[PDB]
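Next up is one chain by itself, shown in structure tokens, the form deposited in one PDB entry.
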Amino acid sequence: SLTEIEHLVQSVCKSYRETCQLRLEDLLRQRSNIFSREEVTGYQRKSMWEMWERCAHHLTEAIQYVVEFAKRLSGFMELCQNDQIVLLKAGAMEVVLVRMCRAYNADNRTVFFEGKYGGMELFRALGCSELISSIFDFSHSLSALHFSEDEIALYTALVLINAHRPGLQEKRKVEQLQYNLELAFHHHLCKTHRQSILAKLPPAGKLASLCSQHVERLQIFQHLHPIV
């Protein structure tokens, strides 16, 4: 029934809001708080390692929130441990990149980072100009689409609940959940006259994979660097 679909939509939105670190209202409010040129130079002078240490700690923190998101989804806990993990491995980082568009401000090309917004220059110490620049462009594109909270919640749900991931044991159960999500999302897109938006999405697979690699590089080589 139509009412049943709506229960699913509200439920997915509930769980997404519950597992966002800051409420979207708060992110928008704090757009005004902007790093001064001196604070920017503060970050720019840090060592490569220190900057990646901080960045990876935040990448990690976001992934954990994405895991919480999955826990609160309708059929996800019912899946076997193997499946829960397979889906999170394949999709968690991509979810993190989508959730990031919320914290990006398109007006001034700046991003929430550790209490205040600042530009791309804030991350010079990381050294990976091509990668950082791409993460900015990706977020810029998503912002241009003006995804609402509901659209992000449902789309990120579908990023996780994908039935074609190699390694899944209970493929059918996962199809059941994915199909119900595509049903609810399709209905929501129809009522809001937003059917075409998913065509406009920029590709996120290569980018998320690079972020995962950087996160892993830091865990592997921690003994070579200072205690944290």
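The numbering used is simple: start at 1 and walk along the sequence shown. We call the rigid core whatever largest set of C-alpha positions still superposes within 1.5 Å between the two forms.
The form deposited in another entry is left out here; the points below concern that form.
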Note to self: Is the shift of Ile220 between this form and the one not shown large enough to count as movement, that is, does its C-alpha move by 2 Å or more after the core is superposed?
What the structure shows: yes
Next item on the list: Return yes or no for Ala208: a CA shift of at least 2 Å between this form and the one not shown, with the rigid core superposed?
Entry: yes
Checklist line | Direction of Cα pair change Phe221-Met51 in that other deposited form, magnitude 3 angstroms or more | finding: closer
Next item on the list: With a shift of at least 3 angstroms, figure out whether the C-alpha spacing between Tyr43 and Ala204 grows or shrinks in that other deposited form: closer or farther?
Entry: farther
